[PDB]
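**Q** Pasting in a structure now, in structure tokens, and then I'll have a few things to ask.
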Amino acid sequence: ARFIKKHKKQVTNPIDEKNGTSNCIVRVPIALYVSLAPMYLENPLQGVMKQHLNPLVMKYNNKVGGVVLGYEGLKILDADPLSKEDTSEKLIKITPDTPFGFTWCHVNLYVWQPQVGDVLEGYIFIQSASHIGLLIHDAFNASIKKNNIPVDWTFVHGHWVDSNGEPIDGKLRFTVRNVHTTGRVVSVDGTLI
Amino acid sequence: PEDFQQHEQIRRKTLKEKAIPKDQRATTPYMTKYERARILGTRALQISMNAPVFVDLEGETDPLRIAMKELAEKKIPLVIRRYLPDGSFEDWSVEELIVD
Amino acid sequence: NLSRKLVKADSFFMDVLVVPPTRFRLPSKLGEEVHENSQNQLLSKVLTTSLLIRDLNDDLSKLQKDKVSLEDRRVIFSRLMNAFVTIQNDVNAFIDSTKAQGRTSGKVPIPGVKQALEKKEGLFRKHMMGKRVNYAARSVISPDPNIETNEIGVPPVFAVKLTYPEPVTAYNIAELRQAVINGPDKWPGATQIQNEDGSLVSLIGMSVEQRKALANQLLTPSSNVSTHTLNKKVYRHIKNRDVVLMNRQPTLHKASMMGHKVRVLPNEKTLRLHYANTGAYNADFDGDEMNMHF
Amino acid sequence: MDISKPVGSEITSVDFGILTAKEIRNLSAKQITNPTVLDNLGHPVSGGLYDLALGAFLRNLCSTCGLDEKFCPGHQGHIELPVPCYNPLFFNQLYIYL
Amino acid sequence: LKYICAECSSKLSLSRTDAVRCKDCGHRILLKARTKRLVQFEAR
Amino acid sequence: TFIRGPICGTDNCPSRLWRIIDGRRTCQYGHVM
Amino acid sequence: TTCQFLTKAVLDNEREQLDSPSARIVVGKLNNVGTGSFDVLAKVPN
Amino acid sequence: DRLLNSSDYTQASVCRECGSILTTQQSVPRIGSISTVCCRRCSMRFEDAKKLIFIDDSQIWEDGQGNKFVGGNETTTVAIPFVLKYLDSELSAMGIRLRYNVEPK
Amino acid sequence: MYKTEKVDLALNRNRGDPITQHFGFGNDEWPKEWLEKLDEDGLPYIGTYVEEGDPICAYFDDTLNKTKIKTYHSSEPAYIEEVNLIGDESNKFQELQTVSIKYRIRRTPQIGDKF
Amino acid sequence: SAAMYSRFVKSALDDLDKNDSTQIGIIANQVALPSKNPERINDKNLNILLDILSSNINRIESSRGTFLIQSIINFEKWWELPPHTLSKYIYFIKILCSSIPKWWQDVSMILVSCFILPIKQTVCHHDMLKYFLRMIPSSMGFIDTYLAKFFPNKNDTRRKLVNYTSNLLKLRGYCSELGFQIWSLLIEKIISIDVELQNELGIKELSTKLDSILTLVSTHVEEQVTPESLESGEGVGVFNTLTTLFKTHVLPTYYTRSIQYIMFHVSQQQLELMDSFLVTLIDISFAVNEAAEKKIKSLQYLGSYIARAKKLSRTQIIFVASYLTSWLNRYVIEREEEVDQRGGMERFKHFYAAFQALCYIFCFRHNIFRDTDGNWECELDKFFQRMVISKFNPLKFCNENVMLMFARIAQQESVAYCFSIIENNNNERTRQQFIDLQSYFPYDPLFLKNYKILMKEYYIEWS
Amino acid sequence: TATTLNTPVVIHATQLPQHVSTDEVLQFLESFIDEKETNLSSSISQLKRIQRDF
DNA sequence: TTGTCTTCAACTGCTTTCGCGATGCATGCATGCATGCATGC
RNA sequence: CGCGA
Ligand SMILES: [Mg+2]
Ligand SMILES: [Zn+2]
Ligand SMILES: [Zn+2]
Ligand SMILES: [Zn+2]
């Protein structure tokens, strides 16, 4: 009837080869509309980075639905359509009230976007009684819940113990349950079942 | 995104229509009494906010005097966009526009 | 119609009423005597009549049609047919007092929403098409021939009060330091300081030394990153460099409002003009006042 | 008013429309069913016109916004009317079209 | 003796919770008498 | 000029609010909010 | 007369495009008197 | 400028979707989460999402009563005279919606 | 110019709500500079110079158990001209609930004065 | 008791599993009691509870288990608990934060808030941090804000400050990634206190306050600053980030002479520090687009640096200072022609600053200057006597003291002749600001004490 | 906090996002971090560890 | 029957700029003089 | 509907 589901990720992380995981790192061309401080009028690219981009680096974003790994191809859009894209001078509409210029900029973001059901690996910094901690790519902190752990496995004093009886170590394949961006930090919820 | 990529393509086309080419630019070569003001004003704000300043200050503590001082040299880096009533506009570099 | 949203008659029905947020409905204190917002009262009447029909219609509904006498209808089923007028009328009063029934043929109607906007102002031309402002001073003009025509005499009073903060840069820091050091009490002075975060620091309650602190402390970076683009703003007293905008009401034509370079004149409390302006402002220097805007 | 707080977005145009009750309920922070105003303690009567769900009041923090009196923008509530009421401004249009 | 009958001029002093009136006349309006105290004025 | 209340909206006090009629409210070191 | 216009104004679902100063005045934008006709556009290296 | 600054200038949240000044409000956040503005009209009761595919973590937000709301997260800051707000308040009482078309879209 | 100001702290009362407040200091702490302007009974000394914000009265409150103060509102410095202790009818028993105060204000021929 | 309490809280969890949460709250009530209230949860129950909560933490996670978690985290003086309780507490915090690194933020907030304490109470905190930071890298950003959001006010007591600052130094080594905004936060408050004093000459307080922290810092600095740190250590980048903050933050401050000795202090720890710090000052002074007043003060800092400094190869000093004279010689050529042109002598102010620089250089002459042959380096006697009577007349325009200083020992050393031309200055004798510019030498005998003696090696008594 | 100074006004993906090979990621992280040589400092610290993964 | 311009005539909106500036009626405490009730010797 | 051009 009524679709609010028009916000969804139709890109799915494909299971890679040679490997069993999926690539959640992705390049998204985007358009943002930002401000330019008056001091950077001689370094507009340099400014926008310091002014806008750089803070986004390695933080989650709702639009892209991931953590920003970095950016490529920053392009300020000259106000004049007539000017060829080669022109070294571009035009920035100044705010009527204030000296700050506002403009559109095109840039390519590399973003790691874990979805649900994605297959991932990560090292284990701590095996708790409740869970298993995971640094994903030595950055993203992931956790595997107790109930999510198959009950046949055990934890001793300490360290976990699998079905085969050994403790488990280091890189661990797991399936994503949820991704928690509500906290200041991303939290990747994986599951082994 | 395609819907956004759409009206971005729509943004250009209309804004292509609304631009008047240099040769096609039909309005007065003079700087209107108003254009002079706001230029001085806008340039003054930026000068006040530590925008780069092309001409020596020589003891001007007043950004607006400074803005005036650049304008004598046409060192002001701005562009006036003159709207015809339809919304199609022109673009005049400051320096190319005859002062008073 | 691009949305292609259909037209629904529910428009004219005016069912539920939107309650203005508390802050616009705040009470009214006349002297120390306080009074609830008049509009709240007009709301209350609806609220009263609301639960009335709510509860009243509830009882007749509970009344069993067999247990209901056909007279038990005429006492109630006809009774709702009255209050319906009130609840429909209370709505009117709440909006248009003119569409409201007379209360005791006198006591005046309480102004409705419609009356707040319209009559003789009621709002648009009171608080929108014109407004009371800031950094403006009204006082009495005095003829001074010695200033220049474009200039304007400013009493030190206004010199001390009015303040136009200047974006802390380079060229200005030589002044603004001294401008801060001087004090709100000593012209050319300075009053507040806007840090980069937007916080204000008043200089009023400060002696000179820990004030000289701020002056020296003034131009310096700030660790906060979002503020790296910004510089401190100081609120200097108006000074001879500044321009004001003078107005003598009524304003018949634009020339009755002109800009003036400021000359700060010591010793007196009156705005003072050269004569060339008089013909424009049409000002006789008989108890004349003019509005200074900064 | 400060130039250091640039306002990026701007209002191009304003559209006139009528609030539909379906909207009004969804967008109402509270319902006001109670003609009562203030208790004896002076606290706002819940369900009354001053209910803190409409915003902060006195020192009492906002229910809805949660902010104090200074920063709480205020929030608008709805009064459900037992009867559909003729919108007085229109009415004539109602009257004519009917 | 801080006070004066607003009528008979009789000088008087009062106390906390005291009838405000002239102990002689009874006029309930009273004046506060000025007492020796140092106040500065410039002759300009 | 005192009212003690409302500490100070600056986390290097909290130092101690008096309100001026102009509504700045002022704390001793000299925040005006 | 506000409402009578305002009424008719709503009845047409009238979009107001903010041209007249009084309109612009209300919203709080710039005006089309003069000092608000031409747009100031900066320039920049690249 | 003079008029605006001497008569009321702030800036305000508006839903670039629901096109309203009033329906916006702060979010009551979690520990570990900053508050944010959301538009009430364009926000839904969280109950509705799980009724009918998974829901984005951030789209949920909680009111002063902690009620999880989904959507209504599209807001800007626009500089208006304050009385404009009060004006809408009045027209809202009359049931009259003012939709504010905002750029950038 | 003489502006005569009436200070009544019994207006709030409801003609029986028992006396809440009393012109004077309380035993509590109070800034003690008030002694300069205000006399020992909480009233100001006759003829005392006054500028804005200075104490024009000292009334102790029982409820708040505070010694509170009325201050001089006008920005133009005035003098204390007269102080009038006003008792009330209904057979005494009523302490001082109201005072009227003349302020004396110097007026000279300042610039701007119509003659 | 123990078995009761266990089954009590285990039943409570099922209440939250059944959404009741009442016992959860009541439990959360007890644990939220202050450290003072005897009704606070006893250690053994908390011991039981922690491990139970550390058993399945995912049984807790919900809006309902939330309030419990707060009281847990908001439990006061957790660092004062018996170690096993403290361990299980720590062992618990590790679990939840690793499960949902949401609470770590206000956990860290508390950890940050504790930095006001001395080192001992804060060790577990630092221990807690230096783990999670490396483990939860994204923490680095907002924890810094907590370093920012929590700093003691100036007016606040030193007890927090000097212990807080020290705690920062404590963490500073634990995370070199931040490494910067620390100093930024430091130097500001450091400056913020510095400027308070100068105009005063509460005084005794900030005097003590500041002195406690500076000597705290310079010590921590001289500790972290060592030649072995100049190679594989980070002192290089640290020396860099200090110079930048000096350049960015310290240089622009006005008449501030309290913490600019810091770089003076450290750069005297090593001559490379001296060198690498010296090349910067020269680059700052002669930069083209910088403000002449900045240039002037650049030669005021650099100027008043050298001859109050101790550890520096003297020969390093002379050449560029002699190139300065060459710089002065290239200066005099293009300019004396402008002297007679329309304008005043203050047009040349950058010279007199460089000349005010050299009359301070004259301080070293008295000590050691006359080479082996006695001759003055680069023919000083003839060099100045020409430049002295030059259209600059540099004697007239510079400081009242150091020019008179330059006056005495020069002719005593037979450098040049002044008092004759000095009298020629007084008889012939933007304006006042200019006077104030040079007069201040941002090095001078300190009014402090312990750090003052720390500089005794570093300082040259004028006597 | 978040203002128009530090924050974009509005952001839109112009296209459907494109997955990337590790080499590209390597090339990027290489080039990206390289091009970066202050909040920049704290985050690239992660990136170094992130490329250290690969 | 019936069309409609015809006519008079019931409703209804605004007005040169700013500052200086509720009535009546029942309830109960208040006052004063004279019996009763409680403390003390 | 009082005071000022
Ligand atoms: Mg006249
Ligand atoms: Zn008497
Ligand atoms: Zn404070
Ligand atoms: Zn919305």
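Every residue, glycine among them, receives a Cβ derived from its backbone with ideal geometry; neighbour counts consider all protein chains shown. Bear in mind these aren't lab numbers, they're just calculated from the coordinates by the rules spelled out.
**Q** If you go through the range H:57-68, how many residues are more than 8 Å from every other protein chain (Cβ to nearest Cβ) and surrounded by 21 or more Cβ atoms within 10 Å (Cβ to Cβ)?
**A** 1
**Q** Do we have any residue at all in the range A:76-93 that's in contact with a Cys (Cβ under 7 Å, 6 or more places away or on another chain), outside any loop (DSSP other than H, G, I, E, B) and surrounded by fewer than 24 Cβ atoms within 10 Å (Cβ to Cβ)? Reasoning before the result, please.
**A** To start, the set of residues in the range A:76-93 that are in contact with a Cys (Cβ under 7 Å, 6 or more places away or on another chain) comprises A:76-77.
Checking the rest, the ones that are also outside any loop (DSSP other than H, G, I, E, B) come to A:76.
Keeping just the survivors that are surrounded by fewer than 24 Cβ atoms within 10 Å (Cβ to Cβ) gives A:76.
Yes - at least one qualifying residue is present in the range A:76-93.
**Q** What are the residues in the range F:14-32 that are under 15 Å from C:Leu200 (Cα atoms) and more than 8 Å from the chain's Cα centre (by Cα), if any?
**A** Correct list: F:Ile20, F:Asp22, F:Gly23, F:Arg24, F:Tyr29.
**Q** Out of all the residues in the range C:252-274, which are more than 14 Å from RNA strand M (Cβ to nearest atom), part of a loop (DSSP other than H, G, I, E, B) and not hydrophobic (A, V, I, L, M, F, W, C)?
**A** Passing the criteria: C:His253, C:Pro266, C:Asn267, C:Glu268, C:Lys269, C:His274.
**Q** Here's another thing I want to ask about it. Any residue in the range H:17-27 that is within 27 Å of A:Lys9 (Cα to Cα), touching a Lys or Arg at 6+ places or on another chain (Cβ under 7 Å), more than 16 Å from RNA strand M (Cβ to nearest atom) and not polar (S, T, N, Q)?
**A** yes
**Q** Right, another one. Filter the range C:256-286 down to residues that are of a type in the set (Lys, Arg) and over 16 Å from C:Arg138 (Cβ atoms) and give me whichever is surrounded by the fewest Cβ atoms within 10 Å (Cβ to Cβ).
**A** Looking at the filtered set, the residue picked out is C:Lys261.
**Q** Can you name every residue in the range J:4-55 that is surrounded by fewer than 14 Cβ atoms within 10 Å (Cβ to Cβ), part of a loop (DSSP other than H, G, I, E, B) and touching a helix residue (DSSP H, G or I) at 6+ places or on another chain (Cβ under 9 Å)?
**A** J:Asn19, J:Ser35, J:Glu39
**Q** Within the set of pairs 6 or more residues apart or between chains, which connect a residue that is more than 7 Å from every other protein chain (Cβ to nearest Cβ) inside the range H:72-88 to a residue that is among the hydroxyl-bearing types (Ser, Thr, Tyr) with Cβ atoms less than 7 Å apart?
**A** What qualifies is H:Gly72/H:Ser43; H:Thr75/H:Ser13; H:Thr75/H:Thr24; H:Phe82/H:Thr10.
**Q** OK, next. From C:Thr22, C:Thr49, which residue is polar (S, T, N, Q), under 24 Å from D:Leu19 (Cα atoms), surrounded by 15 or more Cβ atoms within 10 Å (Cβ to Cβ) and under 33 Å from the mean Cα position of the chain (by Cα)?
**A** Numbers: C:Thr49 fails: under 33 Å from the mean Cα position of the chain (by Cα).
Selected residue: C:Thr22, the only one of C:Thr22, C:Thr49 that is polar (S, T, N, Q), under 24 Å from D:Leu19 (Cα atoms), surrounded by 15 or more Cβ atoms within 10 Å (Cβ to Cβ) and under 33 Å from the mean Cα position of the chain (by Cα).
**Q** Test K:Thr14 against the criterion of being within 7 Å of another protein chain (Cβ to nearest Cβ), hydroxyl-bearing (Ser, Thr, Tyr) and within 30 Å of D:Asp2 (Cβ to Cβ), and give yes or no.
**A** Working: within 7 Å of another protein chain (Cβ to nearest Cβ): yes; hydroxyl-bearing (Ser, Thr, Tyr): yes; within 30 Å of D:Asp2 (Cβ to Cβ): no.
Spelling it out, it is not the case that K:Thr14 is within 7 Å of another protein chain (Cβ to nearest Cβ), hydroxyl-bearing (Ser, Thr, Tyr) and within 30 Å of D:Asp2 (Cβ to Cβ).
**Q** Check the range C:85-104 and report whether any residue there is more than 9 Å from every other protein chain (Cβ to nearest Cβ) and within 16 Å of ligand 1 (Cβ to nearest atom).
**A** no
**Q** While we're here: What helices (runs of 4 or more DSSP H), lying completely within the range J:376-424, carry at least 1 residues that are of a type outside the set (A, V, I, L, M, F, W, C) and touching a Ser or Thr at 6+ places or on another chain (Cβ under 9 Å)? Full working, then the answer.
**A** On the way: elements: J:380-388, J:394-397, J:400-412.
Output list reads J:380-388, J:400-412.
**Q** Let me ask you something else. Could you please give the count of residues in the range J:148-165 that are surrounded by fewer than 20 Cβ atoms within 10 Å (Cβ to Cβ) and of a type in the set (S, T, N, Q)?
**A** 3
**Q** Further, regarding this structure: Select from the range A:83-129 the residues that are among the hydrophobic types (A, V, I, L, M, F, W, C) and within 18 Å of A:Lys9 (Cβ to Cβ) and list them in ascending order. Full working, then the answer.
**A** Taking the range A:83-129 first, the residues among the hydrophobic types (A, V, I, L, M, F, W, C) are A:91-92, A:94, A:100, A:102, A:104-105, A:107, A:109, A:111-112, A:116, A:119-120, A:124-126, A:129.
Of everything in the range A:83-129, those that are among the hydrophobic types (A, V, I, L, M, F, W, C) and within 18 Å of A:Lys9 (Cβ to Cβ) turn out to be A:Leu109, A:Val111, A:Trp112, A:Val116, A:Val119, A:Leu120.
**Q** Taking the options D:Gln76, D:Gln93, name whichever one is of a type in the set (S, T, N, Q) and surrounded by 22 or more Cβ atoms within 10 Å (Cβ to Cβ).
**A** Going through D:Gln76, D:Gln93 in turn, the sole match is D:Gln76.
**Q** A follow-up question, please. Out of the residues in the range J:33-90 that are of a type in the set (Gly, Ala, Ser) and more than 14 Å from chain A (Cβ to nearest Cβ), which is farthest from J:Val107 (Cα to Cα)?
**A** It comes out as J:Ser35.
**Q** Residue check: is E:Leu1 out of contact with any helix residue (DSSP H, G or I) (no Cβ under 9 Å at 6 or more places or on another chain), away from RNA strand M (no atom under 16 Å from the Cβ), closer than 20 Å to I:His22 by Cα and more than 7 Å from chain I (Cβ to nearest Cβ)?
**A** For E:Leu1, the condition - out of contact with any helix residue (DSSP H, G or I) (no Cβ under 9 Å at 6 or more places or on another chain), away from RNA strand M (no atom under 16 Å from the Cβ), closer than 20 Å to I:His22 by Cα and more than 7 Å from chain I (Cβ to nearest Cβ) - is met.
**Q** Can you name the residue in the range C:257-293 that is away from chain I (no Cβ under 14 Å) and within 13 Å of ligand 1 (Cβ to nearest atom) and, of all such residues, is nearest to the chain's Cα centre (by Cα)? If you could, list the steps in order and put the result at the bottom.
**A** Taking the range C:257-293 and keeping what is away from chain I (no Cβ under 14 Å), we get C:257-264, C:274-282, C:291-293.
Add one more test, that the residue is within 13 Å of ligand 1 (Cβ to nearest atom), and what stays is C:278-279, C:281-282.
On the way: C:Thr278: 32, C:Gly279: 33, C:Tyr281: 28, C:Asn282: 30 Å.
My answer is C:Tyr281.
**Q** Would you confirm, using the coordinates I've provided, whether I:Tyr45 is more than 16 Å from ligand 1 (Cβ to nearest atom), within 10 Å of another protein chain (Cβ to nearest Cβ) and hydroxyl-bearing (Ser, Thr, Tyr)? Working first, answer last.
**A** Values: more than 16 Å from ligand 1 (Cβ to nearest atom): yes; within 10 Å of another protein chain (Cβ to nearest Cβ): yes; hydroxyl-bearing (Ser, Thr, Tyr): yes.
Judged against the criteria, I:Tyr45 is a match.
**Q** Name the one entry in E:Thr17, E:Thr35 that is part of a loop (DSSP other than H, G, I, E, B), away from DNA strand L (no atom under 16 Å from the Cβ) and hydroxyl-bearing (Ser, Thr, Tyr). Spell out how you get there, then give the answer.
**A** On the way: E:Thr17 fails: away from DNA strand L (no atom under 16 Å from the Cβ).
Going through E:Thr17, E:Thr35 in turn, the sole match is E:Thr35.
**Q** Which members of the range A:148-166 meet the condition of being in contact with a strand residue (DSSP E or B) (Cβ under 9 Å, 6 or more places away or on another chain) and not small (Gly, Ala, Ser)?
**A** Listed by number, the residues that qualify are A:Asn148, A:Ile149, A:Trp153, A:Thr154, A:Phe155, A:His159, A:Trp160, A:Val161, A:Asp162.
**Q** Oh, and also: Hey, among G:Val10, G:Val44, G:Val40, G:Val26, which residue is more than 10 Å from chain B (Cβ to nearest Cβ) and either within 17 Å of B:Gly41 (Cα to Cα) or in contact with a helix residue (DSSP H, G or I) (Cβ under 6 Å, 6 or more places away or on another chain) (or both)? So that I can check it myself, show each step before the final result.
**A** Numbers: G:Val10 fails: either within 17 Å of B:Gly41 (Cα to Cα) or in contact with a helix residue (DSSP H, G or I) (Cβ under 6 Å, 6 or more places away or on another chain) (or both); G:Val44 fails: more than 10 Å from chain B (Cβ to nearest Cβ); G:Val40 fails: more than 10 Å from chain B (Cβ to nearest Cβ).
It is G:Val26.
**Q** Something else about it: Restricting attention to the range H:10-31, report how many residues are under 20 Å from H:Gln65 (Cβ atoms) and either within 14 Å of chain J (Cβ to nearest Cβ) or part of a loop (DSSP other than H, G, I, E, B) (or both).
**A** 7
**Q** Does J:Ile119 meet the test of being away from every other protein chain (no Cβ under 12 Å) and either surrounded by fewer than 18 Cβ atoms within 10 Å (Cβ to Cβ) or in contact with a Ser or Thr (Cβ under 8 Å, 6 or more places away or on another chain) (or both)? Spell out the reasoning first.
**A** Details: away from every other protein chain (no Cβ under 12 Å): yes; either surrounded by fewer than 18 Cβ atoms within 10 Å (Cβ to Cβ) or in contact with a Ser or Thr (Cβ under 8 Å, 6 or more places away or on another chain) (or both): yes.
Here the answer is yes, as J:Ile119 does meet what is asked.
**Q** Scan the range J:339-359 and tell me whether some residue there is in a loop (DSSP other than H, G, I, E, B), out of contact with any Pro (no Cβ under 9 Å at 6 or more places or on another chain) and surrounded by 15 or more Cβ atoms within 10 Å (Cβ to Cβ). Show your work before the answer.
**A** Initially, the range J:339-359 is screened for residues in a loop (DSSP other than H, G, I, E, B), giving J:340-344.
Keeping just the survivors that are out of contact with any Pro (no Cβ under 9 Å at 6 or more places or on another chain) gives J:340-344.
Those still in the list that are surrounded by 15 or more Cβ atoms within 10 Å (Cβ to Cβ) too: none.
No, the range J:339-359 has no match at all.
**Q** Conditions: (1) in a loop (DSSP other than H, G, I, E, B); (2) loosely packed, with under 14 Cβ neighbours inside 10 Å; (3) away from ligand 1 (no atom under 14 Å from the Cβ). C:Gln249 meets all but one. Number of the miss?
**A** Among (1) in a loop (DSSP other than H, G, I, E, B); (2) loosely packed, with under 14 Cβ neighbours inside 10 Å; (3) away from ligand 1 (no atom under 14 Å from the Cβ), the lone unmet condition for C:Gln249 is (3).
**Q** Out of I:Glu36, I:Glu82, I need the residue that is more than 16 Å from RNA strand M (Cβ to nearest atom), farther than 25 Å from E:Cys22 by Cα and within 11 Å of another protein chain (Cβ to nearest Cβ). Which one? Outline the logic, then answer.
**A** Details: I:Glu82 fails: farther than 25 Å from E:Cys22 by Cα.
Selected residue: I:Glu36, the only one of I:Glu36, I:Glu82 that is more than 16 Å from RNA strand M (Cβ to nearest atom), farther than 25 Å from E:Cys22 by Cα and within 11 Å of another protein chain (Cβ to nearest Cβ).
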